[PDB]
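Below, each chain spelled out in residue letters.
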Number of protein chains: 2
Amino acid sequence: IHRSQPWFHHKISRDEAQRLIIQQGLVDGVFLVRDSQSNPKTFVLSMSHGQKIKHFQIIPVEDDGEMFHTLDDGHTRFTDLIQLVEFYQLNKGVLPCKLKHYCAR
Amino acid sequence: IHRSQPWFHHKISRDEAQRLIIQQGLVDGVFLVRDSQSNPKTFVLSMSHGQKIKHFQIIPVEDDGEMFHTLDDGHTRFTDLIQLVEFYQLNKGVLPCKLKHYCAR
């Protein structure tokens, strides 16, 4: 379902993701989400902050027969990537800063 | 937009909200959201926990020309009530427990 979102970049490499973020001038909050390069399939949040690029693995966690997505070891859970992104666009949580400007697909 | 959600009860009184929650057997997590009885219009989250009913005011807060909704003095912000509810259904935050079972409209 997240495949339709403008901030999701279907399977680009880490280097490619970094190139894009870097070419935005390393402004805090620039970001994008992409598919994991490793298997099983999880997801990765790539963003810039403090003139550096940070990657956060988005993993699936279970609880009472249900699976959720998280990037802070389950302390903050989400049903899908859309809910997770829109949450982090307004609240930084464990992130160095909020998700302010997504890279264009 | 939240007006369509099954957990939102358009303008019922506090007593009515408590009657409904109480008649569910005071199970932790039972809840509902309703319009504020006071003006200006804000919103109220009514839920049961520990055999008691708790009401949390959902207020609007501003930041950089934008308005958000919150129930913890802006520490956790949301664009609308739907995002706020779906977040609290999975994460308790400052609430005594998660929003588990909404009362039927």
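(A) Broad picture of the overall build of chain A. Per the secondary structure count, chain A includes two helices and six strands. For chain A, the N- to C-terminal ordering of α and β elements is β-α-β-β-β-β-α-β. Since a compact globule built from 105 residues should have a radius of gyration of about 13 Å, the 13 Å found for chain A is in line with a globular shape. In terms of overall dimensions, chain A has a C-alpha envelope of 45 × 25 × 20 Å along the principal axes. Considering only contacts within chain A whose residues lie at least 6 apart along the sequence, 46% involve residues at least 24 apart.

(B) Examining the side chain of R34 of chain A more closely. Residues and elements named next belong to chain A. Looking at the secondary structure, you find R34 in strand 2 (residues 30-35). Polar contacts involving the side chain of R34 include one to the side chain of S46, which spans 2.8 Å. Among residues more than four places away in sequence, those in contact with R34 are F8, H9, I12, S13, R14, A17, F43, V44, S46 and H55.

(C) Main features of the relation of the copies chain B and chain A. When chain B is fitted to chain A, the residual RMSD is 0.0 Å, and the transformation amounts to a turn of 180 degrees plus an axial shift of 0.0 Å. Such a combination of rotation and displacement between the chain copies is what one expects of a two-fold axis. Of the interface residues in chain B, 100% have counterparts in chain A that sit at the interface too, so the contact is made through matching surfaces.

(D) How the structure looks around the packing of aromatic side chains. Scanning all chains against the criterion turns up 11 aromatic pairs over all chains. Seen in terms of ring centroids, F78 of chain A and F87 of chain A are 5.4 Å apart; in terms of plane orientation they differ by 45 degrees. Their pairing is tilted. In this structure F78 of chain A comes out as buried when scored by relative accessible area, which is 0%. Overall, the relative accessible area of 7% leaves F87 of chain A in the buried class. Taken together, a centroid distance of 6.4 Å and an interplanar angle of 90 degrees make the contact between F31 of chain B and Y102 of chain B edge-to-face. With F31 of chain B in strand 2 (residues 30-35) and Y102 of chain B in strand 6 (residues 101-102), the pair connects residues that are 71 residues apart, well separated along the chain. In this structure an aromatic cluster arises from ring pairing among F78, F87 and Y88 of chain A together with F78, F87 and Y88 of chain B.

(E) Spotlight on the interface of chain B and chain A. On the side of chain A, 12 residues touch chain B, which itself brings 12 residues to the contact. The contact between chain B and chain A buries some 870 Å² in all, and 54% of this surface belongs to carbon and sulfur atoms. The three residues of chain B that bury the most area against chain A are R77, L90 and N91 of chain B, which together make up 49% of that side's buried surface. The tally of links between chain B and chain A comes to zero salt bridges. Applying the counting rule to chain B against chain A returns four residue pairs in polar contact. Considered class by class, the residues forming the side of chain B that touches chain A number four nonpolar, five polar and three charged.

(F) Structural detail: helix 1 (residues 14-22) of chain A. Residue and element names in this part refer to chain A. Listed in full, the buried residues belonging to helix 1 are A17, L20 and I21. The buried side chains of helix 1 occupy one side of the element, clustering within an arc of 95 degrees when seen end-on. The elements touched by buried residues of helix 1 are strand 1 (8-9), strand 2, strand 3 (43-49) and strand 4 (52-63).

(G) The pairing of strand 2 of chain A, seen in detail. Residues and elements named next belong to chain A. Among the six residues of strand 2, five are classified as buried, and the element is accordingly described as predominantly covered. Of the strand pairs in this sheet, strand 1 and strand 2 are connected by two bridges, and their pairing is parallel. Bridge pairing in strand 2 links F8 to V33. Sheet analysis places strand 2 next to strand 3, joined by five bridges and oriented antiparallel. Bridge pairing in strand 3 places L32 opposite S46.

Scoring rules and cut-offs
- Residues numbered from 1 in each chain as written, not as in the entry; some residues may be left out.
- Chains lettered and ligands numbered in written order.
- Heavy atoms only, no water.
- Residues with missing side-chain atoms left out of burial classes, pairs and counts.
- Helix = DSSP H or I, 4+ residues; strand = E, 2+ residues; numbered from the N terminus.
- Rg over C-alpha atoms; globule rule 2.2 N^0.38 Å.
- Contact = heavy atoms within 4.5 Å.
- Polar contact = N/O pair within 3.5 Å; in protein donor to acceptor, adjacent residues only side chain to side chain.
- Least-squares fit on C-alpha atoms.
- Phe/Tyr/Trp six-rings, centres within 6.5 Å; stacked < 30°, edge-to-face > 60°.
- Buried < 20%, exposed > 50% of the residue type's maximum accessible area, 1.4 Å probe, protein only.
- Buried area = accessible area lost by both parts, 1.4 Å probe.
- Salt bridge = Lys/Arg side-chain N within 4 Å of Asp/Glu carboxyl O.
- Nonpolar A, V, L, I, M, F, W, Y, C, P; charged D, E, K, R; others polar.
- Arc of directions from axis to C-beta.
- Pairing = 2+ DSSP bridges.

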